[PDB]
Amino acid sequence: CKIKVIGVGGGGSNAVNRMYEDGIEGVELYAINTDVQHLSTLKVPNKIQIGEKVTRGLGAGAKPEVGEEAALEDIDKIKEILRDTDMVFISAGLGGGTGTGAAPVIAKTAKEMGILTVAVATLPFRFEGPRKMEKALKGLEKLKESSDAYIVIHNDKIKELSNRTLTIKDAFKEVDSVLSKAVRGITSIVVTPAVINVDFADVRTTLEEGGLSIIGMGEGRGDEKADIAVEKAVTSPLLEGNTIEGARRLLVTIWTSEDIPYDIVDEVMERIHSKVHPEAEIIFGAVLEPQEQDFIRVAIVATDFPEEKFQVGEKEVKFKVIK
């Protein structure tokens, strides 16, 4: 099956760049930007400019309306890259211009072509200020209209799960790491020879029209690794305000070190089912984690929530109308 990952804007491009560096296989990678200089810095195989006319290649100046116009003017370029595609991940850092503005356009284009359309969207760190968060949430409201499922990851939650960072560079490197794990978790159980593969048809039934999606990951080592990893994953969502135990459809990836047999999946899936919604439809795959030993990582993508709401800091977020 044909999977593409498209980074939109600087943050999205950087995340996809990390996925390339992390060795994502069996998928085609693209970076789309209005900022031609940023594109020039990337290792991503396919670099695509949008908005030459309106931006002259100098970026969107953090204005979502400009990112939107860039994508609309060059919608032919976007359609071209989307031809012959089963699934696309649209990776964007919400809160800037290009990602915020163009991501909904690209997502809509893909979804109208019948491609399974999964946005992977971040909300900014608190250190980025109130205005970037406002812009992000406004853009998210458009992106949700355009997507099958939209995975929303709040950068402040990421911050919590790793070591204190001392440079903005390192803060974002951890964001890239997490996004890369989230996406590679899904692609690798479909398009590589995995420990337990899942059919693309199952990924589609799990995520199609899923809406708001929330990820949680947890590592387990040693004798009780299953219980430990599942507990950590269910209790560590990357977005507050909608517990994973409420989702009606879930996609679980169990990363295993080479020394762990596949039947660890038995205990994992028992534990997940005990913790989450009794009626949840859950698909799961398993894939090797290199350089690890006596190790699993349970990565849970939860979707199809009763209410498409969430919390960021002290703000409870609800959108105007859920399709």
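Note that residue numbering follows the sequence shown and begins at 1.
- Looking at mean Cα B-factors across 281-289 and 61-69, the upper value is held by 281-289.
- When the two stretches 199-207 and 96-104 are set side by side, the higher mean Cα temperature factor goes to 199-207.
- Comparing the listed residues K232, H154, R249, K135, the entry records the largest Cα B-factor for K232.
- The PDB entry assigns its highest CA temperature factor, among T167, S177, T253, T122, to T167.
- Among all modelled residues in its chain, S147 ranks in the middle third by Cα B-factor.
- Annotation for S257: C-alpha temperature factor in the middle third relative to the rest of the modelled chain, per the entry.
- Sort the modelled residues of the chain by CA B factor and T243 lands in the highest third.
- Sorting the modelled residues of the chain by their CA temperature factor places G11 in the lowest third.
- Sort the modelled residues of the chain by CA B factor and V276 lands in the highest third.
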